[PDB]
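> Sequence and experimental coordinates follow.
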Amino acid sequence: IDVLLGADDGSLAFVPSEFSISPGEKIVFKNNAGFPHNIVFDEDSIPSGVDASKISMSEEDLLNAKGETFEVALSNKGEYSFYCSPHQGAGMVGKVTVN
Ligand SMILES: [Hg+2]
């Protein structure tokens, strides 16, 4: 599935921000507008036993240019909350369900 980082009008959102995938499906996060952007999974809000470090950028890593991508595949079933660290407060958050 392709997820835009920043809407085409510059709003600080993941597009889409809520979505479902099957195990092993790759999410391609695409730097679009309003950067810098990153993707960080909340360790307290992902399935038990999942290593956040495997599926997240570092809070310190940033995508600074249009078209940079971050790709990840999830396999454990359940709900995954994620956010962009620099824009968390602006509401740039999302949740993926693996079902
Ligand atoms: Hg962001």
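Looks like it came in fine. Residues are numbered from 1 along each chain as shown.

> going forward, measure contacts and count neighbours with C-alpha atoms only.
Noted.

> list the contacts for the closest residue to residue 59 other than its chain neighbours?
Among residues not flanking residue 59 along the chain, residue 85 sits closest, at 6.1 Å (Cα to Cα, 6 or more residues apart in numbering). Going by Cα atoms under 8 Å, 6 or more residues apart in numbering, residue 85 touches 37, 38, 39, 40, 59.

> and the last one, that one's in a strand?
To tie it back to what came earlier, the one meant is residue 59. No. Looking at residue 59 with DSSP: H, G, I helix; E, B strand; the rest coil, it is coil, so not inside a strand.

> and which of the contacts of residue 85 is nearest residue 16?
Using Cα to Cα, residue 39 comes nearest to residue 16 of those, at 13.6 Å.

> How much space separates the closest one from the ion?
Relative to the ion, residue 39 is positioned 8 Å away (Cα to the ion, to the nearest Å).

> so how many other residues sit close to that residue?
Here the number of neighbours of residue 39 (other Cα atoms under 10 Å) works out to 26.

> got it, and residue 31?
The burial count for residue 31: 24, using other Cα under 10 Å.

> That one touches residue 84, doesn't it?
No. Using Cα atoms under 8 Å, residue 31 makes no contact with residue 84, being 11.8 Å away.

> Need the overlap of contacts for these two.
Any residue near both residue 31 and residue 84 by Cα under 8 Å, 6+ apart counts here, and that gives residue 37.

> Cross the contacts of residue 85 against helices and list the overlap.
In helices, judged by DSSP state H, none of those are found.

> which of those residues count as buried?
Those of these that meet the buried threshold are 37, 38, 39, 40, by 16 or more other Cα atoms under 10 Å.

> Need the phi and psi values for the most centrally placed residue in the chain.
For the chain, the residue whose C-alpha lies nearest the mean C-alpha position (Cα atoms, centre = their mean) is residue 39; its distance is 4.1 Å. Per-residue torsions, residue 39: phi -130, psi 120 (degrees, to the nearest 10).

> ok, it touching residue 82?
Yes. Using Cα under 8 Å, residue 39 is in contact with residue 82, at 6.6 Å.
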